[PDB]
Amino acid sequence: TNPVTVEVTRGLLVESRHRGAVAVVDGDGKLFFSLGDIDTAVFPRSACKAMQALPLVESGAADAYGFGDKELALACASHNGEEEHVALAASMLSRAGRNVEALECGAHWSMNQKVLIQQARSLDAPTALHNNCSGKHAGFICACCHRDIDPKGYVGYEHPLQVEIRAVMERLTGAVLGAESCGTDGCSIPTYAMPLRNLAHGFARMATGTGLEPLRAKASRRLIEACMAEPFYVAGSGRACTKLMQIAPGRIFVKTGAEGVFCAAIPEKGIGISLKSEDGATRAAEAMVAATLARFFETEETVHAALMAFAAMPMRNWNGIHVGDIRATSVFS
């Protein structure tokens, strides 16, 4: 029965309240911090894209097509459909001998307002390349092509790619990922509900290598380093996931998920983080991931300060007037 994790104030008062759950786990699976119910299956949605990109790396497809940090970042991305994202994804497909028509994710306008205005002014309609999951889906197609697997139907539950992804995520998290746990994601691929505890543990393991074979440990290390090295390619302009990974370069891994999921790691402390705003609000998940991270940087005041700017964000109206704050509650203390 989940505690209030974020308050949203106006004048002297709380106007809105979010409840959520948080799991912080080390490489060995030891629990360092928890809020609310970390045992009920939650859909990680986009928060677990890095786990899904392991096939791209472990298959040798990354090395074969000359993917560096930018390409791997995109594979792990919910991007804004900025031209830089669109041209990188086209490039990943091109090097595999494919193009946009291979994408099975469908098209949508940026979920960033500033980026949508630019799209609206430069395009008649978005393409599948503008889909926030185009880099992941381009990873998928590249993984298939490299291995001589026809990418057609790569979204299918019993396509060999999704078979491999399910086995990989079972191994990382120790969760049972089958029909019971399964739903269709925004891009038409499977997403697998699992306890927050197991999702945090999966991330701790990618972060530490603990419990993984060398190949999976190495491929996990490359994916995380790539996201922290090219955080723009994970999200883009004005995005929480990009800015959070610019506070302490190379030290903090974060990834947003649809419906208020966040995953994080701090490799150097060997911890994985997962959390869920019960109502699925993004603003709550952002404030909660910042408050949770800040616990581990209390001794580093400029990093703590930067994190607290997301844990306690001012809101201004259309005239620029401060009206209240979105703030993580004292349960983070």
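Residues carry their position along the shown sequence, with the first being 1.
Higher mean CA temperature factor between 209-217 and 231-239: 209-217, per the PDB entry.
For the pair 179-187 and 158-166, the record assigns the higher mean C-alpha temperature factor to 179-187. Looking at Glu259, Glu71, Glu82, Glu101, the one whose CA carries the top B-factor in the deposited record is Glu101. When the Cα B-factors of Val289, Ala64, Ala265, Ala53 are read from the PDB record, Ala64 comes out highest. Annotation for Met315: C-alpha temperature factor in the highest third relative to the rest of the modelled chain, per the entry. Ranked by Cα temperature factor within the chain, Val14 sits in the lowest third according to the deposited record. Sort the chain's modelled residues by C-alpha temperature factor and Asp37 lands in the middle third, per the entry. Ranked by Cα temperature factor within the chain, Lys136 sits in the lowest third according to the deposited record.
Among the modelled residues of its chain, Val331 has a C-alpha B-factor that falls in the highest third according to the deposited record.
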